[PDB]
file my_file-v8.pdb (PDB, C-alpha atoms and all ligand atoms)
ATOM      1  CA  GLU B  16       0.000   0.000   0.000  1.00  0.00           C
ATOM      2  CA  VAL B  17       1.622   3.201  -1.289  1.00  0.00           C
ATOM      3  CA  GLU B  18       0.495   6.506   0.242  1.00  0.00           C
ATOM      4  CA  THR B  19       0.952   9.705  -1.658  1.00  0.00           C
ATOM      5  CA  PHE B  20       1.494  13.058  -0.004  1.00  0.00           C
ATOM      6  CA  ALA B  21       1.913  16.701  -1.098  1.00  0.00           C
ATOM      7  CA  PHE B  22       5.059  18.473  -0.046  1.00  0.00           C
ATOM      8  CA  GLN B  23       4.630  21.591   2.000  1.00  0.00           C
ATOM      9  CA  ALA B  24       4.272  24.421  -0.478  1.00  0.00           C
ATOM     10  CA  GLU B  25       7.559  26.035   0.583  1.00  0.00           C
ATOM     11  CA  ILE B  26       9.376  22.734   0.011  1.00  0.00           C
ATOM     12  CA  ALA B  27       7.783  22.295  -3.411  1.00  0.00           C
ATOM     13  CA  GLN B  28       9.024  25.807  -4.189  1.00  0.00           C
ATOM     14  CA  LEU B  29      12.516  24.971  -3.010  1.00  0.00           C
ATOM     15  CA  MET B  30      12.659  21.807  -5.120  1.00  0.00           C
ATOM     16  CA  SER B  31      11.538  23.734  -8.170  1.00  0.00           C
ATOM     17  CA  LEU B  32      14.216  26.329  -7.608  1.00  0.00           C
ATOM     18  CA  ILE B  33      16.840  23.635  -7.257  1.00  0.00           C
ATOM     19  CA  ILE B  34      15.627  21.944 -10.429  1.00  0.00           C
ATOM     20  CA  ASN B  35      15.206  25.100 -12.494  1.00  0.00           C
ATOM     21  CA  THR B  36      18.019  27.483 -11.426  1.00  0.00           C
ATOM     22  CA  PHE B  37      21.044  27.521 -13.683  1.00  0.00           C
ATOM     23  CA  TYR B  38      23.858  26.513 -11.328  1.00  0.00           C
ATOM     24  CA  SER B  39      26.878  24.553 -12.533  1.00  0.00           C
ATOM     25  CA  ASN B  40      28.471  23.570  -9.137  1.00  0.00           C
ATOM     26  CA  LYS B  41      26.190  20.552  -8.686  1.00  0.00           C
ATOM     27  CA  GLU B  42      28.804  18.402  -6.916  1.00  0.00           C
ATOM     28  CA  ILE B  43      27.874  19.914  -3.542  1.00  0.00           C
ATOM     29  CA  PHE B  44      24.925  17.521  -3.287  1.00  0.00           C
ATOM     30  CA  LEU B  45      27.312  14.841  -2.080  1.00  0.00           C
ATOM     31  CA  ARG B  46      28.741  16.856   0.798  1.00  0.00           C
ATOM     32  CA  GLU B  47      25.245  17.619   1.964  1.00  0.00           C
ATOM     33  CA  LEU B  48      24.132  13.999   2.013  1.00  0.00           C
ATOM     34  CA  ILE B  49      27.327  12.875   3.674  1.00  0.00           C
ATOM     35  CA  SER B  50      26.872  15.562   6.315  1.00  0.00           C
ATOM     36  CA  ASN B  51      23.370  14.333   6.963  1.00  0.00           C
ATOM     37  CA  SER B  52      24.669  10.813   7.346  1.00  0.00           C
ATOM     38  CA  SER B  53      27.364  11.984   9.759  1.00  0.00           C
ATOM     39  CA  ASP B  54      24.794  13.829  11.853  1.00  0.00           C
ATOM     40  CA  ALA B  55      22.620  10.699  11.925  1.00  0.00           C
ATOM     41  CA  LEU B  56      25.604   8.623  13.052  1.00  0.00           C
ATOM     42  CA  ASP B  57      26.425  11.132  15.718  1.00  0.00           C
ATOM     43  CA  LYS B  58      22.872  10.835  16.998  1.00  0.00           C
ATOM     44  CA  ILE B  59      22.843   7.078  17.345  1.00  0.00           C
ATOM     45  CA  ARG B  60      26.368   7.082  18.805  1.00  0.00           C
ATOM     46  CA  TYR B  61      25.338   9.523  21.522  1.00  0.00           C
ATOM     47  CA  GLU B  62      22.084   7.703  22.345  1.00  0.00           C
ATOM     48  CA  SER B  63      24.095   4.475  22.631  1.00  0.00           C
ATOM     49  CA  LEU B  64      26.086   5.967  25.522  1.00  0.00           C
ATOM     50  CA  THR B  65      23.048   5.938  27.771  1.00  0.00           C
ATOM     51  CA  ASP B  66      21.328   2.912  26.174  1.00  0.00           C
ATOM     52  CA  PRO B  67      23.817   0.478  24.625  1.00  0.00           C
ATOM     53  CA  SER B  68      20.975  -1.735  23.375  1.00  0.00           C
ATOM     54  CA  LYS B  69      20.311   0.907  20.741  1.00  0.00           C
ATOM     55  CA  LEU B  70      23.163  -0.692  18.781  1.00  0.00           C
ATOM     56  CA  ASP B  71      21.558  -4.163  18.885  1.00  0.00           C
ATOM     57  CA  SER B  72      20.404  -3.261  15.340  1.00  0.00           C
ATOM     58  CA  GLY B  73      24.056  -2.816  14.324  1.00  0.00           C
ATOM     59  CA  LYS B  74      27.236  -1.719  16.042  1.00  0.00           C
ATOM     60  CA  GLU B  75      29.063  -0.542  12.896  1.00  0.00           C
ATOM     61  CA  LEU B  76      28.851   3.217  12.259  1.00  0.00           C
ATOM     62  CA  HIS B  77      29.853   4.002   8.717  1.00  0.00           C
ATOM     63  CA  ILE B  78      28.950   5.520   5.363  1.00  0.00           C
ATOM     64  CA  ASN B  79      29.070   3.658   2.027  1.00  0.00           C
ATOM     65  CA  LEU B  80      28.918   5.302  -1.413  1.00  0.00           C
ATOM     66  CA  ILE B  81      27.712   2.823  -3.996  1.00  0.00           C
ATOM     67  CA  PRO B  82      27.538   3.627  -7.711  1.00  0.00           C
ATOM     68  CA  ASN B  83      25.715   1.382 -10.127  1.00  0.00           C
ATOM     69  CA  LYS B  84      26.120   2.198 -13.798  1.00  0.00           C
ATOM     70  CA  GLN B  85      23.509  -0.276 -15.023  1.00  0.00           C
ATOM     71  CA  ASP B  86      20.828   1.211 -12.768  1.00  0.00           C
ATOM     72  CA  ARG B  87      22.251   4.735 -13.097  1.00  0.00           C
ATOM     73  CA  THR B  88      22.122   5.154  -9.376  1.00  0.00           C
ATOM     74  CA  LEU B  89      24.384   6.571  -6.677  1.00  0.00           C
ATOM     75  CA  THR B  90      23.475   5.329  -3.223  1.00  0.00           C
ATOM     76  CA  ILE B  91      24.626   6.955   0.058  1.00  0.00           C
ATOM     77  CA  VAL B  92      24.215   4.358   2.856  1.00  0.00           C
ATOM     78  CA  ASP B  93      24.637   5.075   6.585  1.00  0.00           C
ATOM     79  CA  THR B  94      24.040   3.131   9.728  1.00  0.00           C
ATOM     80  CA  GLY B  95      22.813   6.160  11.574  1.00  0.00           C
ATOM     81  CA  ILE B  96      19.728   6.755  13.665  1.00  0.00           C
ATOM     82  CA  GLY B  97      17.288   6.441  10.786  1.00  0.00           C
ATOM     83  CA  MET B  98      13.910   8.159  10.301  1.00  0.00           C
ATOM     84  CA  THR B  99      10.481   7.257  11.580  1.00  0.00           C
ATOM     85  CA  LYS B 100       7.296   7.352   9.515  1.00  0.00           C
ATOM     86  CA  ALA B 101       6.322  10.585  11.273  1.00  0.00           C
ATOM     87  CA  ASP B 102       9.656  12.108  10.306  1.00  0.00           C
ATOM     88  CA  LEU B 103       9.099  11.148   6.684  1.00  0.00           C
ATOM     89  CA  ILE B 104       5.494  12.297   6.414  1.00  0.00           C
ATOM     90  CA  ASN B 105       5.291  15.332   8.672  1.00  0.00           C
ATOM     91  CA  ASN B 106       8.226  16.374  10.833  1.00  0.00           C
ATOM     92  CA  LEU B 107      10.982  16.903   8.270  1.00  0.00           C
ATOM     93  CA  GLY B 108       8.809  19.015   6.078  1.00  0.00           C
ATOM     94  CA  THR B 109       7.523  21.057   8.977  1.00  0.00           C
ATOM     95  CA  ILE B 110      10.951  21.844  10.424  1.00  0.00           C
ATOM     96  CA  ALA B 111      12.259  22.715   6.953  1.00  0.00           C
ATOM     97  CA  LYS B 112       9.738  25.507   6.332  1.00  0.00           C
ATOM     98  CA  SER B 113      11.709  28.191   8.149  1.00  0.00           C
ATOM     99  CA  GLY B 114      15.044  27.180   6.663  1.00  0.00           C
ATOM    100  CA  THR B 115      13.556  27.028   3.184  1.00  0.00           C
ATOM    101  CA  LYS B 116      12.156  30.532   3.510  1.00  0.00           C
ATOM    102  CA  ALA B 117      15.458  31.869   4.842  1.00  0.00           C
ATOM    103  CA  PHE B 118      17.402  30.159   2.067  1.00  0.00           C
ATOM    104  CA  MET B 119      15.184  31.494  -0.687  1.00  0.00           C
ATOM    105  CA  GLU B 120      15.505  34.963   0.800  1.00  0.00           C
ATOM    106  CA  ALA B 121      19.298  34.664   1.040  1.00  0.00           C
ATOM    107  CA  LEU B 122      19.475  33.611  -2.611  1.00  0.00           C
ATOM    108  CA  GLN B 123      17.626  36.817  -3.548  1.00  0.00           C
ATOM    109  CA  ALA B 124      20.194  38.764  -1.532  1.00  0.00           C
ATOM    110  CA  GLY B 125      23.259  37.162  -3.137  1.00  0.00           C
ATOM    111  CA  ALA B 126      23.772  33.751  -1.555  1.00  0.00           C
ATOM    112  CA  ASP B 127      24.248  30.778  -3.857  1.00  0.00           C
ATOM    113  CA  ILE B 128      22.877  27.288  -3.900  1.00  0.00           C
ATOM    114  CA  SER B 129      26.021  25.790  -2.398  1.00  0.00           C
ATOM    115  CA  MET B 130      25.094  27.460   0.921  1.00  0.00           C
ATOM    116  CA  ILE B 131      21.927  25.301   1.197  1.00  0.00           C
ATOM    117  CA  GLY B 132      23.300  23.335   4.127  1.00  0.00           C
ATOM    118  CA  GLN B 133      23.561  26.502   6.227  1.00  0.00           C
ATOM    119  CA  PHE B 134      19.732  26.496   6.214  1.00  0.00           C
ATOM    120  CA  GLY B 135      19.176  22.867   7.197  1.00  0.00           C
ATOM    121  CA  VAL B 136      17.676  21.747   3.876  1.00  0.00           C
ATOM    122  CA  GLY B 137      20.697  20.314   2.120  1.00  0.00           C
ATOM    123  CA  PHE B 138      18.965  17.015   1.413  1.00  0.00           C
ATOM    124  CA  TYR B 139      16.995  18.689  -1.343  1.00  0.00           C
ATOM    125  CA  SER B 140      20.194  19.411  -3.233  1.00  0.00           C
ATOM    126  CA  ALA B 141      19.961  15.806  -4.338  1.00  0.00           C
ATOM    127  CA  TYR B 142      17.656  17.131  -7.017  1.00  0.00           C
ATOM    128  CA  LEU B 143      20.596  18.939  -8.605  1.00  0.00           C
ATOM    129  CA  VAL B 144      21.689  15.569  -9.950  1.00  0.00           C
ATOM    130  CA  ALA B 145      18.791  13.114  -9.490  1.00  0.00           C
ATOM    131  CA  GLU B 146      15.539  12.873 -11.429  1.00  0.00           C
ATOM    132  CA  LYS B 147      14.101  10.659  -8.639  1.00  0.00           C
ATOM    133  CA  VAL B 148      15.244  10.021  -5.076  1.00  0.00           C
ATOM    134  CA  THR B 149      14.374   6.934  -3.096  1.00  0.00           C
ATOM    135  CA  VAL B 150      15.074   6.894   0.649  1.00  0.00           C
ATOM    136  CA  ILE B 151      15.033   3.571   2.524  1.00  0.00           C
ATOM    137  CA  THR B 152      15.168   4.042   6.252  1.00  0.00           C
ATOM    138  CA  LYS B 153      14.915   2.134   9.498  1.00  0.00           C
ATOM    139  CA  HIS B 154      14.760   3.636  12.997  1.00  0.00           C
ATOM    140  CA  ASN B 155      14.941   1.441  16.089  1.00  0.00           C
ATOM    141  CA  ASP B 156      11.460   2.532  17.190  1.00  0.00           C
ATOM    142  CA  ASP B 157       9.694   2.008  13.837  1.00  0.00           C
ATOM    143  CA  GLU B 158       9.464  -0.214  10.758  1.00  0.00           C
ATOM    144  CA  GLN B 159      11.466  -0.023   7.570  1.00  0.00           C
ATOM    145  CA  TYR B 160      10.059   2.510   5.101  1.00  0.00           C
ATOM    146  CA  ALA B 161      10.610   3.622   1.557  1.00  0.00           C
ATOM    147  CA  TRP B 162      10.096   7.283   0.676  1.00  0.00           C
ATOM    148  CA  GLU B 163      10.279   8.390  -2.923  1.00  0.00           C
ATOM    149  CA  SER B 164       9.881  11.521  -5.007  1.00  0.00           C
ATOM    150  CA  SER B 165      10.430  12.733  -8.519  1.00  0.00           C
ATOM    151  CA  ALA B 166       9.526  16.245  -7.410  1.00  0.00           C
ATOM    152  CA  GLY B 167       6.498  17.692  -9.024  1.00  0.00           C
ATOM    153  CA  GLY B 168       4.939  18.429  -5.678  1.00  0.00           C
ATOM    154  CA  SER B 169       4.439  14.967  -4.235  1.00  0.00           C
ATOM    155  CA  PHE B 170       6.191  12.102  -2.491  1.00  0.00           C
ATOM    156  CA  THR B 171       5.178   8.566  -1.610  1.00  0.00           C
ATOM    157  CA  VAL B 172       5.774   6.475   1.511  1.00  0.00           C
ATOM    158  CA  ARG B 173       5.314   2.735   1.857  1.00  0.00           C
ATOM    159  CA  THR B 174       6.451   0.027   4.226  1.00  0.00           C
ATOM    160  CA  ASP B 175       9.560  -1.444   2.628  1.00  0.00           C
ATOM    161  CA  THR B 176       9.475  -5.177   1.852  1.00  0.00           C
ATOM    162  CA  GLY B 177      13.049  -5.205   0.451  1.00  0.00           C
ATOM    163  CA  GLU B 178      16.213  -6.302   2.195  1.00  0.00           C
ATOM    164  CA  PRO B 179      15.983  -5.397   5.904  1.00  0.00           C
ATOM    165  CA  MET B 180      18.777  -2.995   6.742  1.00  0.00           C
ATOM    166  CA  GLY B 181      19.030  -3.219  10.532  1.00  0.00           C
ATOM    167  CA  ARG B 182      19.145   0.512  11.211  1.00  0.00           C
ATOM    168  CA  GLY B 183      19.981   3.574   9.140  1.00  0.00           C
ATOM    169  CA  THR B 184      19.250   5.325   5.867  1.00  0.00           C
ATOM    170  CA  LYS B 185      19.955   4.640   2.176  1.00  0.00           C
ATOM    171  CA  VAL B 186      19.545   7.627  -0.177  1.00  0.00           C
ATOM    172  CA  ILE B 187      19.267   6.243  -3.711  1.00  0.00           C
ATOM    173  CA  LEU B 188      19.890   8.921  -6.338  1.00  0.00           C
ATOM    174  CA  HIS B 189      18.448   7.978  -9.750  1.00  0.00           C
ATOM    175  CA  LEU B 190      20.746  10.239 -11.718  1.00  0.00           C
ATOM    176  CA  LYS B 191      19.708  12.447 -14.579  1.00  0.00           C
ATOM    177  CA  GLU B 192      21.018  11.313 -17.955  1.00  0.00           C
ATOM    178  CA  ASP B 193      23.607  14.108 -18.184  1.00  0.00           C
ATOM    179  CA  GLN B 194      24.837  13.602 -14.595  1.00  0.00           C
ATOM    180  CA  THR B 195      26.481  10.206 -14.929  1.00  0.00           C
ATOM    181  CA  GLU B 196      29.888  11.631 -14.015  1.00  0.00           C
ATOM    182  CA  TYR B 197      28.856  10.995 -10.391  1.00  0.00           C
ATOM    183  CA  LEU B 198      29.059   7.269 -11.044  1.00  0.00           C
ATOM    184  CA  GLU B 199      32.788   7.531 -11.787  1.00  0.00           C
ATOM    185  CA  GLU B 200      35.244   6.508  -9.109  1.00  0.00           C
ATOM    186  CA  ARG B 201      37.736   9.286  -9.811  1.00  0.00           C
ATOM    187  CA  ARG B 202      34.959  11.883  -9.653  1.00  0.00           C
ATOM    188  CA  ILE B 203      33.465  10.757  -6.371  1.00  0.00           C
ATOM    189  CA  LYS B 204      36.871  10.429  -4.780  1.00  0.00           C
ATOM    190  CA  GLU B 205      37.677  13.958  -5.922  1.00  0.00           C
ATOM    191  CA  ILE B 206      34.532  15.352  -4.370  1.00  0.00           C
ATOM    192  CA  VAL B 207      34.854  13.497  -1.067  1.00  0.00           C
ATOM    193  CA  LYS B 208      38.427  14.670  -0.702  1.00  0.00           C
ATOM    194  CA  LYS B 209      37.451  18.265  -1.455  1.00  0.00           C
ATOM    195  CA  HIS B 210      34.347  18.623   0.710  1.00  0.00           C
ATOM    196  CA  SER B 211      34.140  15.713   3.160  1.00  0.00           C
ATOM    197  CA  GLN B 212      37.730  14.900   4.116  1.00  0.00           C
ATOM    198  CA  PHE B 213      37.217  15.321   7.884  1.00  0.00           C
ATOM    199  CA  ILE B 214      34.054  13.309   8.445  1.00  0.00           C
ATOM    200  CA  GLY B 215      34.414  11.267  11.612  1.00  0.00           C
ATOM    201  CA  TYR B 216      33.122   7.958  10.252  1.00  0.00           C
ATOM    202  CA  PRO B 217      34.668   5.674   7.617  1.00  0.00           C
ATOM    203  CA  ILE B 218      33.434   6.513   4.109  1.00  0.00           C
ATOM    204  CA  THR B 219      33.863   3.531   1.776  1.00  0.00           C
ATOM    205  CA  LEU B 220      33.572   4.234  -1.948  1.00  0.00           C
ATOM    206  CA  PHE B 221      32.486   1.053  -3.644  1.00  0.00           C
ATOM    207  CA  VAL B 222      33.737   0.447  -7.172  1.00  0.00           C
ATOM    208  CA  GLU B 223      32.528  -1.277 -10.319  1.00  0.00           C
ATOM    209  CA  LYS B 224      34.421  -2.981 -13.141  1.00  0.00           C
TER     210      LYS B 224
HETATM  211  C1  LIG K   1      13.199  11.386   3.459  1.00  0.00           C
HETATM  212  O1  LIG K   1      14.148  12.141   2.803  1.00  0.00           O
HETATM  213  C2  LIG K   1      14.628  13.191   3.551  1.00  0.00           C
HETATM  214  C3  LIG K   1      13.874  14.361   3.620  1.00  0.00           C
HETATM  215  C4  LIG K   1      12.514  14.504   2.936  1.00  0.00           C
HETATM  216  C5  LIG K   1      14.416  15.397   4.367  1.00  0.00           C
HETATM  217  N1  LIG K   1      15.657  15.362   4.934  1.00  0.00           N
HETATM  218  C6  LIG K   1      16.337  14.210   4.844  1.00  0.00           C
HETATM  219  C7  LIG K   1      17.673  14.248   5.510  1.00  0.00           C
HETATM  220  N2  LIG K   1      17.663  13.549   6.727  1.00  0.00           N
HETATM  221  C8  LIG K   1      16.838  13.834   7.781  1.00  0.00           C
HETATM  222  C9  LIG K   1      17.096  12.976   8.796  1.00  0.00           C
HETATM  223  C10 LIG K   1      16.369  13.024  10.091  1.00  0.00           C
HETATM  224  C11 LIG K   1      15.815  13.057  11.112  1.00  0.00           C
HETATM  225  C12 LIG K   1      15.046  13.115  12.408  1.00  0.00           C
HETATM  226  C13 LIG K   1      15.979  13.313  13.574  1.00  0.00           C
HETATM  227  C14 LIG K   1      15.182  13.265  14.858  1.00  0.00           C
HETATM  228  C15 LIG K   1      17.005  12.219  13.604  1.00  0.00           C
HETATM  229  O2  LIG K   1      16.668  14.519  13.473  1.00  0.00           O
HETATM  230  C16 LIG K   1      18.126  12.110   8.309  1.00  0.00           C
HETATM  231  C17 LIG K   1      18.756  11.034   8.803  1.00  0.00           C
HETATM  232 CL1  LIG K   1      18.787  10.105  10.300  1.00  0.00          CL
HETATM  233  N3  LIG K   1      19.671  10.390   8.109  1.00  0.00           N
HETATM  234  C18 LIG K   1      20.017  10.859   6.912  1.00  0.00           C
HETATM  235  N4  LIG K   1      21.022  10.138   6.253  1.00  0.00           N
HETATM  236  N5  LIG K   1      19.385  11.869   6.368  1.00  0.00           N
HETATM  237  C19 LIG K   1      18.442  12.474   7.057  1.00  0.00           C
HETATM  238  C20 LIG K   1      15.887  13.109   4.137  1.00  0.00           C
HETATM  239  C21 LIG K   1      16.686  11.879   3.986  1.00  0.00           C
HETATM  240 MG    MG K   2       6.839  18.453   2.922  1.00  0.00          MG
END

call {"tool": "encode", "arguments": {"input": "my_file-v8.pdb", "output": "structure tokens"}}
result
Amino acid sequence: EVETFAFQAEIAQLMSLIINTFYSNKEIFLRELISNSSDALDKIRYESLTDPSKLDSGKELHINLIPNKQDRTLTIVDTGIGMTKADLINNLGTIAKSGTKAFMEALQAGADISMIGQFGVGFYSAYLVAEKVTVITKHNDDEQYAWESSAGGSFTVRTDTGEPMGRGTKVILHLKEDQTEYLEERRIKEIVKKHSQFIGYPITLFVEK
């Protein structure tokens, strides 16, 4: 059973701006997603200090970057805290309203899209490179869910029947046809070294041959 939801209007606006604005420095999407993963890992790590059983769903804290040329996907996997259904449907959109407004105002006053993370809405930069984003997530207190959106004002959420992931988040970027450079090992390595070299969790870049 797939449920379909409308984004908050301000978030639909933001996604349209990200999709429509001419802006060549698209590579910053990766830093933003990796930062989100790091923050999610920090959260579970801290909670585990007071309740060690929170790592019963997995003790490894890491980030994997997985390109797949045949599927034209780049997947950012973390074993962080994960998101609940309420996060996916309501809470993330609600908290993002203020940051989205501030970002759009800053852009009008001379900021650029690479500053998106300063406003707490860097996830949406995925739409610089992806025509569709699928997010598979599992929080200790909730079931495994799949969220998905191709923009256009709506997103879907369903319970995920796929491979159970233990705990964490997988952001699957279905890349646009002209954005396949982000499947290349030398390109991803370049970007991680430039913008994510000090992240406090192991980042493993998977390869293909
Ligand atoms: C569903 O797609 C998203 C949307 C629509 C918005 N932002 C985000 C970014 N985001 C947000 C995370 C979170 C959370 C809730 C807590 C309480 C952990 O802050 C969160 C978490 Cl835990 N992990 C990661 N990797 N990204 C997260 C995503 C993935
Ligand atoms: Mg919304």

call {"tool": "residues_near_point", "arguments": {"input": "my_file-v8.pdb", "point": "(4.7, 22.3, 5.8)", "cutoff": "12 Å", "atoms": "only C-alpha atoms", "output": "PyMOL selection string"}}
result
chain B and resi 20-28+104-116

call {"tool": "resolve_selection", "arguments": {"input": "my_file-v8.pdb", "expression": "the PyMOL selection byres (((chain B and resi 19) around 8) and not hetatm)", "output": "VMD selection string"}}
result
chain B and resid 17 to 18 20 to 21 169 to 172

call {"tool": "closest_atom_pairs", "arguments": {"input": "my_file-v8.pdb", "of": "chain B", "to": "ligand LIG 1 (chain K)", "cutoff": "6 Å", "atoms": "all atoms listed in the file", "output": "tab-separated table"}}
result
residue	atom	partner	partner_atom	distance
B:51	CA	K:LIG1	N5	4.7
B:52	CA	K:LIG1	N4	3.9
B:55	CA	K:LIG1	CL1	4.2
B:95	CA	K:LIG1	CL1	5.8
B:96	CA	K:LIG1	CL1	4.8
B:97	CA	K:LIG1	CL1	4.0
B:98	CA	K:LIG1	CL1	5.3
B:102	CA	K:LIG1	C12	5.9
B:103	CA	K:LIG1	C1	5.2
B:107	CA	K:LIG1	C5	5.4
B:138	CA	K:LIG1	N1	5.1
B:150	CA	K:LIG1	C1	5.6
B:162	CA	K:LIG1	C1	5.8
B:184	CA	K:LIG1	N4	5.1

call {"tool": "resolve_selection", "arguments": {"input": "my_file-v8.pdb", "expression": "the PyMOL selection byres (((chain B and resi 216) around 12) and not hetatm)", "output": "PDB file with C-alpha atoms, in the coordinates of the input"}}
result
ATOM      1  CA  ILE B  49      27.327  12.875   3.674  1.00  0.00           C
ATOM      2  CA  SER B  50      26.872  15.562   6.315  1.00  0.00           C
ATOM      3  CA  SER B  52      24.669  10.813   7.346  1.00  0.00           C
ATOM      4  CA  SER B  53      27.364  11.984   9.759  1.00  0.00           C
ATOM      5  CA  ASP B  54      24.794  13.829  11.853  1.00  0.00           C
ATOM      6  CA  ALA B  55      22.620  10.699  11.925  1.00  0.00           C
ATOM      7  CA  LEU B  56      25.604   8.623  13.052  1.00  0.00           C
ATOM      8  CA  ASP B  57      26.425  11.132  15.718  1.00  0.00           C
ATOM      9  CA  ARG B  60      26.368   7.082  18.805  1.00  0.00           C
ATOM     10  CA  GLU B  75      29.063  -0.542  12.896  1.00  0.00           C
ATOM     11  CA  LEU B  76      28.851   3.217  12.259  1.00  0.00           C
ATOM     12  CA  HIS B  77      29.853   4.002   8.717  1.00  0.00           C
ATOM     13  CA  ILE B  78      28.950   5.520   5.363  1.00  0.00           C
ATOM     14  CA  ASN B  79      29.070   3.658   2.027  1.00  0.00           C
ATOM     15  CA  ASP B  93      24.637   5.075   6.585  1.00  0.00           C
ATOM     16  CA  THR B  94      24.040   3.131   9.728  1.00  0.00           C
ATOM     17  CA  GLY B  95      22.813   6.160  11.574  1.00  0.00           C
ATOM     18  CA  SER B 211      34.140  15.713   3.160  1.00  0.00           C
ATOM     19  CA  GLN B 212      37.730  14.900   4.116  1.00  0.00           C
ATOM     20  CA  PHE B 213      37.217  15.321   7.884  1.00  0.00           C
ATOM     21  CA  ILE B 214      34.054  13.309   8.445  1.00  0.00           C
ATOM     22  CA  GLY B 215      34.414  11.267  11.612  1.00  0.00           C
ATOM     23  CA  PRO B 217      34.668   5.674   7.617  1.00  0.00           C
ATOM     24  CA  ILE B 218      33.434   6.513   4.109  1.00  0.00           C
ATOM     25  CA  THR B 219      33.863   3.531   1.776  1.00  0.00           C
TER      26      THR B 219
END

call {"tool": "resolve_selection", "arguments": {"input": "my_file-v8.pdb", "expression": "the PyMOL selection byres (((chain B and resi 47) around 9) and not hetatm)", "output": "NGL selection string"}}
result
:B and (43-46 or 48-52 or 131-132 or 136-141)

call {"tool": "write_last_selection", "arguments": {"input": "my_file-v8.pdb", "atoms": "C-alpha atoms", "output": "JSON list (two decimals), in the coordinates of the input"}}
result
[["chain", "number", "residue", "atom", "x", "y", "z"],
["B", 43, "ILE", "CA", 27.87, 19.91, -3.54],
["B", 44, "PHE", "CA", 24.92, 17.52, -3.29],
["B", 45, "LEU", "CA", 27.31, 14.84, -2.08],
["B", 46, "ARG", "CA", 28.74, 16.86, 0.80],
["B", 48, "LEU", "CA", 24.13, 14.00, 2.01],
["B", 49, "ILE", "CA", 27.33, 12.88, 3.67],
["B", 50, "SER", "CA", 26.87, 15.56, 6.32],
["B", 51, "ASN", "CA", 23.37, 14.33, 6.96],
["B", 52, "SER", "CA", 24.67, 10.81, 7.35],
["B", 131, "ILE", "CA", 21.93, 25.30, 1.20],
["B", 132, "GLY", "CA", 23.30, 23.34, 4.13],
["B", 136, "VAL", "CA", 17.68, 21.75, 3.88],
["B", 137, "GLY", "CA", 20.70, 20.31, 2.12],
["B", 138, "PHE", "CA", 18.96, 17.02, 1.41],
["B", 139, "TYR", "CA", 17.00, 18.69, -1.34],
["B", 140, "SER", "CA", 20.19, 19.41, -3.23],
["B", 141, "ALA", "CA", 19.96, 15.81, -4.34]]

call {"tool": "atom_distance", "arguments": {"input": "my_file-v8.pdb", "atom1": "CA of residue 63 in chain B", "atom2": "CA of residue 186 in chain B"}}
result
23.5 Å

call {"tool": "axis_aligned_box", "arguments": {"input": "my_file-v8.pdb", "around": "range 107-123 of chain B", "padding_each_side": "4 Å", "output": "JSON"}}
result
{"center_x": 13.5, "center_y": 26.9, "center_z": 3.4, "size_x": 20.0, "size_y": 27.9, "size_z": 22.0}

call {"tool": "residues_near_point", "arguments": {"input": "my_file-v8.pdb", "point": "(31.6, 7.4, -2.1)", "cutoff": "9 Å", "atoms": "all atoms listed in the file", "output": "PyMOL selection string"}}
result
chain B and resi 45+78-82+89-91+200+203-204+206-207+218-222

call {"tool": "atom_distance", "arguments": {"input": "my_file-v8.pdb", "atom1": "CA of residue 120 in chain B", "atom2": "CA of residue 145 in chain B"}}
result
24.4 Å

call {"tool": "closest_residue", "arguments": {"input": "my_file-v8.pdb", "among": "B:39, B:101, B:73, B:66", "to": "ligand MG 2 (chain K)", "atoms": "only C-alpha atoms and all ligand atoms"}}
result
B:101

call {"tool": "atom_distance", "arguments": {"input": "my_file-v8.pdb", "atom1": "CA of residue 189 in chain B", "atom2": "CA of residue 142 in chain B"}}
result
9.6 Å

call {"tool": "closest_residue", "arguments": {"input": "my_file-v8.pdb", "among": "B:85, B:181, B:192, B:166", "to": "ligand MG 2 (chain K)", "atoms": "all atoms listed in the file"}}
result
B:166

call {"tool": "closest_residue", "arguments": {"input": "my_file-v8.pdb", "among": "B:33, B:59, B:190, B:180", "to": "residue 152 in chain B", "atoms": "only C-alpha atoms"}}
result
B:180

call {"tool": "residues_around", "arguments": {"input": "my_file-v8.pdb", "residues": "residue 84 in chain B", "least_positions_apart": "5", "cutoff": "10 Å", "atoms": "only C-alpha atoms", "output": "JSON, numbers by chain"}}
result
{"B": [89, 190, 195, 197, 198, 199, 223, 224]}

call {"tool": "write_last_selection", "arguments": {"input": "my_file-v8.pdb", "atoms": "C-alpha atoms", "output": "mmCIF file, in the frame of the given file"}}
result
data_model
loop_
_atom_site.group_PDB
_atom_site.id
_atom_site.type_symbol
_atom_site.label_atom_id
_atom_site.label_comp_id
_atom_site.auth_asym_id
_atom_site.auth_seq_id
_atom_site.Cartn_x
_atom_site.Cartn_y
_atom_site.Cartn_z
ATOM 1 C CA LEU B 89 24.384 6.571 -6.677
ATOM 2 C CA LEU B 190 20.746 10.239 -11.718
ATOM 3 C CA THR B 195 26.481 10.206 -14.929
ATOM 4 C CA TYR B 197 28.856 10.995 -10.391
ATOM 5 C CA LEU B 198 29.059 7.269 -11.044
ATOM 6 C CA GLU B 199 32.788 7.531 -11.787
ATOM 7 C CA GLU B 223 32.528 -1.277 -10.319
ATOM 8 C CA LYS B 224 34.421 -2.981 -13.141
#
